[PDB]
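Engineer: piece number one of the complex, untouched:
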Amino acid sequence: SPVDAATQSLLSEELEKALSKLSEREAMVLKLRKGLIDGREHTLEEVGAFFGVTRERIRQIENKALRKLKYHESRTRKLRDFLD
């Protein structure tokens, strides 16, 4: 619907504004894990193979990426209203 088209579009734009504020390496891992790239939510082992690191290393940058993401959110209050 016009509302939905507007809402989803605005959401895609705010999500990207927050991911560019992450290093390229730690933003790409989050996109691969939640399916924003390729549509599939990749396992921890697979993300290890594409960046060539250990399954535990990839879990670590996801939490620090997600934690840093959480910090920028508490600061700018940008993504809160899309939770409905």
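Structural biologist: Cool, the structure landed. Residues are numbered from 1 along each chain as shown, chains lettered A, B, ... in the order given.
Engineer: alpha carbons only for contacts and neighbour counts from here, please
Structural biologist: Noted.
Engineer: longest helix anywhere in chain A?
Structural biologist: helix A:55-76 (DSSP state H).
Engineer: buried set for it?
Structural biologist: A:58-59, A:61-62, A:65, A:69 (16 or more other C-alpha atoms under 10 Å).
Engineer: Nearest to residue A:24, out of those residues: which one, please.
Structural biologist: Minimum distance to residue A:24 across the buried residues of helix A:55-76 is 10.6 Å, recorded for residue A:65 (C-alpha to C-alpha).
Engineer: Nearest residue to that closest one in space, please, no chain neighbours.
Structural biologist: Counting by C-alpha to C-alpha, 6 or more residues apart in numbering, residue A:26 is the residue found nearest to residue A:65 once chain neighbours are left out, at 5.9 Å.
Engineer: So what touches the longest helix of chain A?
Structural biologist: A:18-19, A:22, A:26-27, A:29-30, A:44-45, A:47-48, A:79-80 (C-alpha atoms under 8 Å, 6 or more residues apart in numbering).
Engineer: from these, which single one is nearest residue A:7?
Structural biologist: residue A:79 (11.7 Å).
Engineer: didn't the closest one look like it was pressed against residue A:14?
Structural biologist: Yes: contact criterion C-alpha atoms under 8 Å: residue A:79 and residue A:14 qualify, at 6.9 Å.
Engineer: who's in contact with the residue nearest the centre of chain A?
Structural biologist: Using C-alpha atoms, centre = their mean, the residue of chain A that lies closest to the mean C-alpha position is residue A:30, 4.4 Å off. Residue A:30 sits next to A:62, A:65-66 when contact means C-alpha under 8 Å, 6+ apart.
Engineer: Quickly note the distance from the residue nearest to residue A:65 to residue A:68.
Structural biologist: 10 Å (C-alpha to C-alpha, to the nearest Å).
Engineer: repeat for residue A:82
Structural biologist: Residue A:82 is 19 Å from residue A:68, by C-alpha to C-alpha.
Engineer: add one more, call it chain B:
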Amino acid sequence: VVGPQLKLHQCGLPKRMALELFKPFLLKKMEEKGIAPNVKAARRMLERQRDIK
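Structural biologist: Next up, chain B placed on what we already have:
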């Protein structure tokens, strides 16, 4: 309904009707005035009738 007091260029329009008909315009104005944080939040406020201030 007849509205004798109107000037020829006027009509009576129910407030509840106008809120729906002008809803997109209303959302923007609710943001300029601090009445809502942003457009998405403003719409949620109009959804429940008891939430309308």
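Engineer: quick revisit: the residue nearest to the centre of chain A is in what secondary structure piece?
Structural biologist: helix A:24-34 (DSSP states H and E).
Engineer: got the angle between that helix and helix A:55-76?
Structural biologist: 100 degrees (axes from the mean of the first three to the mean of the last three C-alpha atoms, to 10 degrees).
Engineer: for chain B, what spans make up the helices?
Structural biologist: B:15-21, B:23-32, B:39-47.
Engineer: which one of those helices lies closest to residue B:2?
Structural biologist: Among the helices of chain B, if distance is taken as C-alpha to C-alpha, the winner is helix B:15-21, at 16.9 Å.
Engineer: Residues contacting that closest one, please?
Structural biologist: The contact list for helix B:15-21 (C-alpha atoms under 8 Å, 6 or more residues apart in numbering or on different chains) reads residue B:26.
Engineer: Give me the distance between it and the centre of its chain.
Structural biologist: Its chain's C-alpha centre and that of helix B:15-21 lie 5 Å apart, by C-alpha atoms, centre = their mean, to the nearest Å.
Engineer: Show me which positions of that helix end up buried.
Structural biologist: For helix B:15-21, burial by neighbour count (16 or more other C-alpha atoms under 10 Å in any protein chain shown) applies to no residue.
Engineer: do the same with stretch A:25-42
Structural biologist: Applying 16+ other C-alpha under 10 Å to stretch A:25-42 flags A:26-33, A:42 as buried.
Engineer: restrict those residues to contacts with chain B.
Structural biologist: Counting by C-alpha under 8 Å from any C-alpha of the partner chain, nothing from the buried residues of stretch A:25-42 sits close to chain B.
Engineer: now check stretch A:8-21, is it near chain B?
Structural biologist: No: interface with chain B: stretch A:8-21 contributes nothing (C-alpha under 8 Å from any C-alpha), its closest point being 9.8 Å away.
Engineer: include chain C as well:
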Amino acid sequence: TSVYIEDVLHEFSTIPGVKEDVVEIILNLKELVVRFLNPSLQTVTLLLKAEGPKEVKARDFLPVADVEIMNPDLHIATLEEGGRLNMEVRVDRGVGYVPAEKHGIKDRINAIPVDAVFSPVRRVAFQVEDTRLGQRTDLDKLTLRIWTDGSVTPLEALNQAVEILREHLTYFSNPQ
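Structural biologist: Placed with the earlier chains, chain C looks like this:
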């Protein structure tokens, strides 16, 4: 302004042993004329408990200090053998006609807000008759007839009316 009847969730209910449905009962409570003797008292709460084959009138309300029921003969509910009526009616002081949707006053969860006709004045007419000071003619003799429910007095009404009008004429003082 509000009514709570025990074991009644809403206005469209009906009470066993009682002839009147709750809608009619509240319709009867709207005729209750309740005088506050103490001018500082803006709200009260009348209690009523009745059972058995009796016709509840306004007298059966439990007497409260500084409060007089001006029409104790008013019919409220007709109860029959085994009928049990226990209620709490909140009475307020106010002005004009404030409908239930407007005030929405509820002392408790199961309370039914009631349309409030606050005004004590039942009828007002005024006669204008011819009179003379014996030199001059077409003078006016003014007679105001004022009927009331008794909570306030026809005279008290007139003074408040005059006092309102006087206070209103003051508003013409500061021009811009």
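Engineer: What about the buried residues of helix A:55-76 again, now that chain C is present?
Structural biologist: By neighbour count on 16+ other C-alpha under 10 Å, the buried set for helix A:55-76 is A:58-59, A:61-62, A:65, A:69.
Engineer: Spatially nearest residue to the residue nearest the centre of chain C, not counting backbone neighbours?
Structural biologist: The residue lying closest to the centre of chain C (C-alpha atoms, centre = their mean) is residue C:33, at 4.4 Å. Leaving aside its chain neighbours, residue C:33 sits nearest to residue C:70 (5.6 Å; criterion: C-alpha to C-alpha, 6 or more residues apart in numbering or on different chains).
Engineer: Would you confirm that the one you found contacts residue C:37?
Structural biologist: No: Residue C:70 is not in contact with residue C:37 according to C-alpha under 8 Å; the separation is 11.8 Å.
Engineer: that older thread, give the other helices and strands that whatever helix or strand comes next after the helix holding residue A:30 contacts.
Structural biologist: Under the assignment DSSP H and E, the closest C-terminal helix or strand after helix A:24-34 is helix A:44-50. In terms of contacts (3 or more C-alpha pairs under 8 Å, 6 or more residues apart in numbering or on different chains; DSSP states H and E), helix A:44-50 is packed against helix A:24-34, helix A:55-76.
Engineer: now what about helix A:44-50, what contacts it?
Structural biologist: Contacts for helix A:44-50 (C-alpha under 8 Å, 6+ apart): A:29, A:32-33, A:53-59.
Engineer: at 7 Å instead, please
Structural biologist: Under the criterion C-alpha atoms under 7 Å, 6 or more residues apart in numbering or on different chains, residues A:29, A:54-55, A:58-59 lie in contact with helix A:44-50.
Engineer: and of these, the nearest to chain B?
Structural biologist: Relative to chain B, the closest of the contacts of helix A:44-50 is residue A:29; by C-alpha to the nearest C-alpha it sits at 29.3 Å.
Engineer: where's that closest one relative to residue C:132, distance?
Structural biologist: 104 Å.
Engineer: what do you get for residue A:51?
Structural biologist: From residue A:51 to residue C:132 the distance is 113 Å (C-alpha to C-alpha).
Engineer: No further questions, thank you.
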